[PDB]
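Colleague: The structure's right below; bear with me while I get my questions together.
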Amino acid sequence: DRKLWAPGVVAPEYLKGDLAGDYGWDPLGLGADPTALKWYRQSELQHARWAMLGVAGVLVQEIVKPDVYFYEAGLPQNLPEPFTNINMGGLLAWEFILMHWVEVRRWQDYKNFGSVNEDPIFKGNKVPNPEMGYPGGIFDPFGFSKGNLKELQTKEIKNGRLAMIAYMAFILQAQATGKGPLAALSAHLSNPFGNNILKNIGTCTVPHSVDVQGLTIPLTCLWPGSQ
Amino acid sequence: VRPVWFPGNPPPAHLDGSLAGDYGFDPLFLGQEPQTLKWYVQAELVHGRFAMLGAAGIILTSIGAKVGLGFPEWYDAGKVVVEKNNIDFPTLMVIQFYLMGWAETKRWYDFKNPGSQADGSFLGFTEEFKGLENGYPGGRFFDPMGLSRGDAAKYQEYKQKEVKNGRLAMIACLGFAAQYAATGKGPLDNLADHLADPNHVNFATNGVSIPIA
Amino acid sequence: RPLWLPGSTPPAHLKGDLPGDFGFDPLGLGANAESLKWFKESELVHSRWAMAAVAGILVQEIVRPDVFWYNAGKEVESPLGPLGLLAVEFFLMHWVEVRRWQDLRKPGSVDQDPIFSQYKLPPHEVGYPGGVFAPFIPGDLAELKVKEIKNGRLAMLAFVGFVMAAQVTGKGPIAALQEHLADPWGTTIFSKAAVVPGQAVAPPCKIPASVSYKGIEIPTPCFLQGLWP
Amino acid sequence: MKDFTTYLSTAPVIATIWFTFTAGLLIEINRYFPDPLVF
Ligand code: CLA
Ligand SMILES: CC1=C[C@H](O)CC(C)(C)[C@H]1/C=C/C(C)=C/C=C/C(C)=C/C=C/C=C(C)/C=C/C=C(C)/C=C/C1=C(C)C[C@H](O)CC1(C)C
Ligand SMILES: CC1=C[C@H](O)CC(C)(C)[C@H]1/C=C/C(C)=C/C=C/C(C)=C/C=C/C=C(C)/C=C/C=C(C)/C=C/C1=C(C)C[C@H](O)CC1(C)C
Ligand SMILES: CC1=C[C@H](O)CC(C)(C)[C@H]1/C=C/C(C)=C/C=C/C(C)=C/C=C/C=C(C)/C=C/C=C(C)/C=C/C1=C(C)C[C@H](O)CC1(C)C
Ligand SMILES: CCCCCCCCCCCCC/C=C\[C@H](O)[C@H](N)CO
Ligand SMILES: CCCCCCCCCCCCCCCC(=O)O
């Protein structure tokens, strides 16, 4: 049988190894309901892909632009040309409209599987969509799905889980030290016994609030550290 | 089977889940008798509807008071209205008591004798006052959109939504009274003060709720 | 069959018989037959009124750019007094609305001309008079009905947008469009206001609270300014 | 609840409630109309 999440533990009845990356891990029994299990699988896939994109973006941004802090990169004054000091209202409007459209399409696909595959404007443009959360077609133009989709899906979910943990690590490292992941790694490599979680914890480098152009946005750390 | 107020305890025998918002909550057995339960159902519905109207009005007036619109607080609106406009307070009281007395007396005698207000003795109207269920007076007047005479499942869902929103509004009105009695400010002022500093601006720091604090 | 949500199940009471049926009724307002019959006429009348209003506003701004439509009821002087115009409009509108209402409650009862006994509308449906009201019908009736209801819904939303843009920016539809086209990233509603748990900023109401019209002081407040985002 | 209402309908409870109501009415009348000697 497959290797579980712990030696000697017994996997739940609903976790028979059908989904990719199944380790029989469910201490809260949230997967007991099949509908809830499907929704949680979609949520896990979304979190995994978004976290992988965020981790890759933070790393590439720190490599290409080391003088820009990723935590404060959302400020309009830190945006690159020609988007510097741009109005955030129009930007939020653009993102809201586009993301709302794509997320409503994805949600409708979840509610009714295989019902929004066709393009609503140009008829005939459809995606195969063999499983929920795996549309394919235009989303996979390189044709990497015509093989062992199970092992590839396992690799995707495992890399996504690792990226989720890594992104939260980046967030807490930035909130406790005020620097990016590569900067924190270099600082720890300079003196491992002086720069670590033993001393960096308890201090919250994030300010109380920030005035984004006209309105103020409140900020806080994940733990009650010293401001 | 159905979810109850306190999980693990069986619901009482007089609460079988037929009414809207039934969670088996009756530890004092106030509505153990059937007629008393029917009367209490109508009382709870009237209380919830009045609390819903009061909560919506208080929230809207507080919203207008927070922004520069000149609206007064809910605890001063009566005085502001009676003094700003030449309105006599006892006259308004008598007019409201007359209209409410007519409506409530018709509702009361319909509760005592169901369908008795449909005889046509009131200006010839018959089907507009027949009444669908206890506390649910359907018809073209009270329900002009006809949401109660179409799609029975949707009607039951709306009944559950109505009773739950009414209970929440009753709790909200009690919260408005307690917040004004303790802090002395408007409800949105309390909400803004809490959003400014939630760790130090709450009921545990107002100096009135916890006397040993 | 096209729907307002591809892949969703339309309501049971919406079988696709009425024109413009796209299975959109989450509140179930059209479940009752009589209520649906009344709401159909309400939607048709709203559609036609909004279409005529939007077309009139656009033509008014094109022909008279110096006159604001929101102020059109104030800066228009005619030899006929305002009370006289109100009386004429009240009597004519009362006559036509009572005839339409009687046709709704009693189909095939007011199709006869009360002045001339030789004129009578042919049998039709409620909300679609025809006869003398439709001298030319180019194309299919069902297709044109769908086009009319779709254009009417668009015009209804357009009139609401006209009112909101006139109350927020104080300009007409074409003027607001040009102002938005000049700076698209800084003229949307998101660029004018934002709400957060620590601050709530709203755009100022450009319409004055009071308007002096022949010494009467008509109040003109912005629609639900307190609930503005 | 039926048994509780029947208990409340007993002679001592009914007498207590009735006398409390009558005494309260007389006390409130004498409070709002102090020292009434003649009509
Ligand atoms: C909802 C319909 C509607 C309403 C309420 C108004 C109202 C108004 N218009 Mg307008 N208009 C409309 C539709 C409407 N219009 C349409 C559809 C057009 C495109 C043809 C125009 C083109 C237009 C122009 C070019 C101008 C106005 C102007 C005006 C303003 C003063 C003119 C006036 O009424 O004096 C009286 C008008 C007349 C004596 C003209 C003759 C009236 C004809 C013969 C009536 C036709 C009836 C029609 C066949 C029945 C259709 C009813 C239908 C709407 C339900 C006034 C507030 C003027 C303005 O901007 O004010 C400064 C102005 O210059 N309108
Ligand atoms: C399974 C289970 C069940 C059982 O029963 C129990 C328990 C145990 C509870 C469990 C567990 C859980 C968990 C672990 C969770 C976690 C999650 C996560 C981590 C997420 C994240 C997640 C994460 C994510 C998404 C993220 C994302 C990110 C992003 C986009 C970013 C972006 C960006 C960038 C690029 C940079 C720039 O400058 C800016 C920004 C804009 C900032
Ligand atoms: C069930 C049971 C049975 C068992 O056996 C036992 C026990 C536990 C005892 C129980 C419980 C109970 C409870 C909880 C109760 C409560 C109630 C409430 C809270 C009500 C309110 C209720 C409430 C309500 C109506 C309210 C309403 C309100 C209103 C009208 C308001 C009005 C107003 C406004 C607008 C504003 C202005 O400016 C002023 C005024 C004029 C002021
Ligand atoms: C019956 C008959 C039959 C015989 O045989 C013949 C005859 C005589 C011809 C006839 C008549 C007819 C008629 C009356 C017609 C009319 C129509 C219309 C007016 C439509 C509109 C319709 C209209 C419509 C849709 C409208 C639409 C509009 C819109 C979207 C707007 C938009 C906008 C807005 C919001 C705002 C901004 O700032 C600008 C824009 C962006 C631009
Ligand atoms: C200028 C006079 C206008 C009317 C004056 C007030 C009269 C109001 C009476 C309303 C009619 C009440 C009864 C209505 C219908 C009757 O029940 C029918 N005859 C059915 O029996
Ligand atoms: C400020 C007080 C004004 C009093 C106005 C009273 C208006 C008439 C009320 C009569 C209510 C009668 C109800 C019926 C009594 C019953 O059913 O036993």
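Here, A, B, ... name the chains of the structure tokens in the order displayed, residue numbers run from 1 inside each chain, and ligands are numbered from 1 in the same displayed order.
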Which residues are near ligand 6 - at most 6 Å, using only C-alpha atoms and all ligand atoms? Format: as a list in words.

Modeller: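 Listing the residues within 6 Å of ligand 6 gives residues 93, 94, 97, 98, 101 and 105 of chain B.
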
Colleague: Give as a PyMOL selection string the residues surrounding ligand 1 up to a distance of 9 Å, considering only C-alpha atoms and all ligand atoms.

Modeller: chain C and resi 45+48-78

Colleague: Would you kindly return, as a count of residues only, each protein, DNA or RNA residue with an atom no farther than 12 Å from any atom of residue 74 of chain A, considering only C-alpha atoms and excluding same-chain residues fewer than 6 positions away?

Modeller: 12

Colleague: Define the interface residues of chain A facing chain C as those within 6 Å, counting only C-alpha atoms, and report them as a ChimeraX atom specification.

Modeller: /A:87,89-90,115

Colleague: Let me see the file: selected residues, N, CA and C atoms, as a short mmCIF file (atom, residue, chain, number, x, y, z; two decimals), in the first residue's frame.

Modeller:
data_model
loop_
_atom_site.label_atom_id
_atom_site.label_comp_id
_atom_site.auth_asym_id
_atom_site.auth_seq_id
_atom_site.Cartn_x
_atom_site.Cartn_y
_atom_site.Cartn_z
N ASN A 87 -3.02 55.36 -10.10
CA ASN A 87 -4.21 55.33 -9.26
C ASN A 87 -4.55 53.87 -8.96
N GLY A 89 -7.29 52.78 -7.67
CA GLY A 89 -8.69 52.47 -7.92
C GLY A 89 -8.89 51.79 -9.26
N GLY A 90 -8.27 52.33 -10.31
CA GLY A 90 -8.40 51.72 -11.63
C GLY A 90 -7.75 50.35 -11.69
N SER A 115 -19.85 22.10 -17.98
CA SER A 115 -20.94 22.92 -18.49
C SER A 115 -20.50 24.29 -18.99
#

Colleague: Once you count only C-alpha atoms and all ligand atoms, which residues end up within 7 Å of ligand 5, and could you hand them over as number ranges by chain?

Modeller: B: 120, 123-124

Colleague: Residues as selected, N, CA and C atoms, written as a PDB file, in the first residue's frame, can you do that?

Modeller:
ATOM      1  N   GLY B 120     -66.095  40.463   5.267  1.00  0.00           N
ATOM      2  CA  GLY B 120     -66.397  41.626   4.462  1.00  0.00           C
ATOM      3  C   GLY B 120     -66.985  42.794   5.217  1.00  0.00           C
ATOM      4  N   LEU B 123     -65.163  47.501   4.929  1.00  0.00           N
ATOM      5  CA  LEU B 123     -65.209  48.102   3.596  1.00  0.00           C
ATOM      6  C   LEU B 123     -65.433  47.101   2.464  1.00  0.00           C
ATOM      7  N   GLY B 124     -65.928  45.900   2.760  1.00  0.00           N
ATOM      8  CA  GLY B 124     -66.174  44.904   1.742  1.00  0.00           C
ATOM      9  C   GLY B 124     -65.005  44.006   1.399  1.00  0.00           C
TER      10      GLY B 124
END

Colleague: Got a sec to pull out which chain D residues are within 12 Å of chain B, counting only C-alpha atoms, and send them as a list in words?

Modeller: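 The complete set of qualifying residues is residues 1, 2, 3, 4 and 5 of chain D.
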
Colleague: Taking only C-alpha atoms and all ligand atoms into account, list the residues no farther than 8 Å from ligand 2, as an mmCIF file with N, CA and C atoms, in the first residue's frame.

Modeller:
data_model
loop_
_atom_site.group_PDB
_atom_site.id
_atom_site.type_symbol
_atom_site.label_atom_id
_atom_site.label_comp_id
_atom_site.auth_asym_id
_atom_site.auth_seq_id
_atom_site.Cartn_x
_atom_site.Cartn_y
_atom_site.Cartn_z
ATOM 1 N N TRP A 25 -4.021 11.638 5.635
ATOM 2 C CA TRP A 25 -3.903 12.661 6.666
ATOM 3 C C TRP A 25 -5.174 13.495 6.743
ATOM 4 N N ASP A 26 -5.918 13.328 7.831
ATOM 5 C CA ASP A 26 -7.137 14.076 8.104
ATOM 6 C C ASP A 26 -7.457 13.996 9.593
ATOM 7 N N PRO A 27 -6.683 14.663 10.459
ATOM 8 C CA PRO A 27 -6.973 14.592 11.901
ATOM 9 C C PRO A 27 -8.273 15.257 12.312
ATOM 10 N N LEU A 28 -8.854 16.110 11.473
ATOM 11 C CA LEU A 28 -10.097 16.775 11.838
ATOM 12 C C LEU A 28 -11.325 16.164 11.182
ATOM 13 N N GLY A 29 -11.150 15.184 10.299
ATOM 14 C CA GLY A 29 -12.283 14.554 9.643
ATOM 15 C C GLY A 29 -13.064 15.483 8.745
ATOM 16 N N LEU A 30 -12.410 16.513 8.204
ATOM 17 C CA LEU A 30 -13.087 17.460 7.332
ATOM 18 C C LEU A 30 -13.435 16.856 5.979
ATOM 19 N N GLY A 31 -12.787 15.761 5.599
ATOM 20 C CA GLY A 31 -13.043 15.089 4.346
ATOM 21 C C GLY A 31 -14.089 14.000 4.416
ATOM 22 N N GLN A 46 -6.191 25.449 -5.730
ATOM 23 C CA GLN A 46 -6.076 26.891 -5.938
ATOM 24 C C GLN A 46 -4.986 27.482 -5.057
ATOM 25 N N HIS A 47 -4.961 27.079 -3.782
ATOM 26 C CA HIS A 47 -3.946 27.565 -2.855
ATOM 27 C C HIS A 47 -2.559 27.134 -3.293
ATOM 28 N N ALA A 48 -2.435 25.892 -3.764
ATOM 29 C CA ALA A 48 -1.155 25.361 -4.212
ATOM 30 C C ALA A 48 -0.614 26.138 -5.403
ATOM 31 N N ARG A 49 -1.453 26.353 -6.420
ATOM 32 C CA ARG A 49 -1.003 27.078 -7.605
ATOM 33 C C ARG A 49 -0.689 28.539 -7.289
ATOM 34 N N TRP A 50 -1.542 29.199 -6.493
ATOM 35 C CA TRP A 50 -1.288 30.593 -6.144
ATOM 36 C C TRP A 50 -0.031 30.731 -5.290
ATOM 37 N N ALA A 51 0.206 29.778 -4.383
ATOM 38 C CA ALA A 51 1.397 29.829 -3.544
ATOM 39 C C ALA A 51 2.654 29.581 -4.361
ATOM 40 N N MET A 52 2.583 28.678 -5.347
ATOM 41 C CA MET A 52 3.743 28.430 -6.197
ATOM 42 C C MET A 52 4.079 29.681 -6.990
ATOM 43 N N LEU A 53 3.045 30.352 -7.512
ATOM 44 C CA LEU A 53 3.256 31.589 -8.254
ATOM 45 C C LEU A 53 3.834 32.673 -7.355
ATOM 46 N N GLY A 54 3.336 32.771 -6.118
ATOM 47 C CA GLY A 54 3.843 33.776 -5.195
ATOM 48 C C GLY A 54 5.289 33.544 -4.799
ATOM 49 N N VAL A 55 5.651 32.286 -4.531
ATOM 50 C CA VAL A 55 7.024 31.959 -4.149
ATOM 51 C C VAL A 55 7.975 32.239 -5.306
ATOM 52 N N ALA A 56 7.593 31.812 -6.518
ATOM 53 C CA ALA A 56 8.431 32.057 -7.686
ATOM 54 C C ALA A 56 8.564 33.549 -7.955
ATOM 55 N N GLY A 57 7.474 34.301 -7.771
ATOM 56 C CA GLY A 57 7.526 35.733 -7.990
ATOM 57 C C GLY A 57 8.412 36.446 -6.994
ATOM 58 N N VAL A 58 8.341 36.046 -5.721
ATOM 59 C CA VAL A 58 9.172 36.665 -4.692
ATOM 60 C C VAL A 58 10.646 36.377 -4.958
ATOM 61 N N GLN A 61 11.787 38.223 -8.150
ATOM 62 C CA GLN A 61 11.838 39.655 -7.889
ATOM 63 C C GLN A 61 13.049 40.016 -7.042
ATOM 64 N N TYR A 69 11.808 45.806 -1.725
ATOM 65 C CA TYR A 69 11.287 44.898 -0.713
ATOM 66 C C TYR A 69 9.953 44.337 -1.194
ATOM 67 N N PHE A 70 9.812 43.007 -1.157
ATOM 68 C CA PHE A 70 8.574 42.384 -1.623
ATOM 69 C C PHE A 70 7.398 42.689 -0.704
ATOM 70 N N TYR A 71 7.656 42.905 0.587
ATOM 71 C CA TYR A 71 6.572 43.201 1.517
ATOM 72 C C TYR A 71 5.951 44.558 1.219
ATOM 73 N N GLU A 72 6.772 45.526 0.816
ATOM 74 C CA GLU A 72 6.313 46.867 0.488
ATOM 75 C C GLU A 72 6.208 47.097 -1.013
ATOM 76 N N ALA A 73 6.285 46.034 -1.820
ATOM 77 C CA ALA A 73 6.192 46.182 -3.269
ATOM 78 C C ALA A 73 4.789 46.555 -3.725
ATOM 79 N N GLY A 74 3.782 46.379 -2.870
ATOM 80 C CA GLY A 74 2.422 46.726 -3.225
ATOM 81 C C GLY A 74 2.118 48.204 -3.192
ATOM 82 N N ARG A 161 2.052 22.187 -1.932
ATOM 83 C CA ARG A 161 2.031 22.175 -0.471
ATOM 84 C C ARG A 161 3.333 22.743 0.083
ATOM 85 N N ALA A 163 5.251 24.855 -1.443
ATOM 86 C CA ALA A 163 5.245 26.285 -1.721
ATOM 87 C C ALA A 163 4.339 27.039 -0.759
ATOM 88 N N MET A 164 3.260 26.408 -0.286
ATOM 89 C CA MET A 164 2.380 27.060 0.680
ATOM 90 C C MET A 164 3.125 27.290 1.985
ATOM 91 N N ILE A 165 3.807 26.239 2.457
ATOM 92 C CA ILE A 165 4.593 26.341 3.685
ATOM 93 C C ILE A 165 5.711 27.364 3.506
ATOM 94 N N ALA A 166 6.357 27.349 2.337
ATOM 95 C CA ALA A 166 7.443 28.282 2.052
ATOM 96 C C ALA A 166 6.961 29.725 1.992
ATOM 97 N N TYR A 167 5.784 29.969 1.406
ATOM 98 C CA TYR A 167 5.294 31.339 1.333
ATOM 99 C C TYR A 167 4.947 31.863 2.717
ATOM 100 N N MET A 168 4.368 31.013 3.572
ATOM 101 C CA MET A 168 4.084 31.482 4.923
ATOM 102 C C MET A 168 5.384 31.722 5.677
#

Colleague: Pick out the chain B residues within 7 Å of chain C. Count only C-alpha atoms. Give them as a JSON list (two decimals) with N, CA, C and O atoms, in the first residue's frame.

Modeller:
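Output file result_5.json is given in full below:
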[["chain", "number", "residue", "atom", "x", "y", "z"],
["B", 63, "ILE", "N", -25.86, 55.68, 10.17],
["B", 63, "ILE", "CA", -25.01, 55.85, 8.99],
["B", 63, "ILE", "C", -25.07, 57.30, 8.54],
["B", 63, "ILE", "O", -24.05, 57.91, 8.21],
["B", 64, "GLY", "N", -26.27, 57.87, 8.54],
["B", 64, "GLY", "CA", -26.41, 59.27, 8.15],
["B", 64, "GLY", "C", -25.81, 60.21, 9.17],
["B", 64, "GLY", "O", -25.38, 61.32, 8.83],
["B", 67, "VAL", "N", -21.76, 60.23, 8.72],
["B", 67, "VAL", "CA", -21.29, 61.02, 7.59],
["B", 67, "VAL", "C", -21.93, 62.39, 7.82],
["B", 67, "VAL", "O", -22.85, 62.51, 8.64],
["B", 145, "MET", "N", -46.49, 40.72, -3.63],
["B", 145, "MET", "CA", -45.67, 40.01, -4.61],
["B", 145, "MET", "C", -46.04, 38.54, -4.72],
["B", 145, "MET", "O", -45.59, 37.88, -5.67],
["B", 146, "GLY", "N", -46.85, 38.01, -3.81],
["B", 146, "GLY", "CA", -47.26, 36.62, -3.86],
["B", 146, "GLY", "C", -46.15, 35.62, -3.64],
["B", 146, "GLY", "O", -46.15, 34.55, -4.27],
["B", 147, "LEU", "N", -45.21, 35.92, -2.75],
["B", 147, "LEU", "CA", -44.12, 34.99, -2.49],
["B", 147, "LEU", "C", -44.55, 33.85, -1.58],
["B", 147, "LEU", "O", -43.83, 32.85, -1.48],
["B", 149, "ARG", "N", -47.65, 32.34, -1.94],
["B", 149, "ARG", "CA", -48.59, 31.52, -2.70],
["B", 149, "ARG", "C", -47.94, 31.01, -3.98],
["B", 149, "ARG", "O", -48.54, 31.03, -5.06],
["B", 150, "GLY", "N", -46.70, 30.55, -3.86],
["B", 150, "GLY", "CA", -45.95, 30.02, -4.98],
["B", 150, "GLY", "C", -44.61, 29.50, -4.49],
["B", 150, "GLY", "O", -43.93, 30.18, -3.72],
["B", 151, "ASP", "N", -44.23, 28.29, -4.93],
["B", 151, "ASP", "CA", -42.97, 27.64, -4.56],
["B", 151, "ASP", "C", -42.87, 27.46, -3.04],
["B", 151, "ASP", "O", -42.11, 28.15, -2.35],
["B", 195, "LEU", "N", -13.24, 49.44, 15.96],
["B", 195, "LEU", "CA", -12.38, 49.18, 14.80],
["B", 195, "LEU", "C", -11.07, 49.95, 14.90],
["B", 195, "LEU", "O", -10.06, 49.53, 14.32],
["B", 196, "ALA", "N", -11.06, 51.06, 15.64],
["B", 196, "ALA", "CA", -9.82, 51.82, 15.80],
["B", 196, "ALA", "C", -8.82, 51.08, 16.68],
["B", 196, "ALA", "O", -7.62, 51.10, 16.41]]
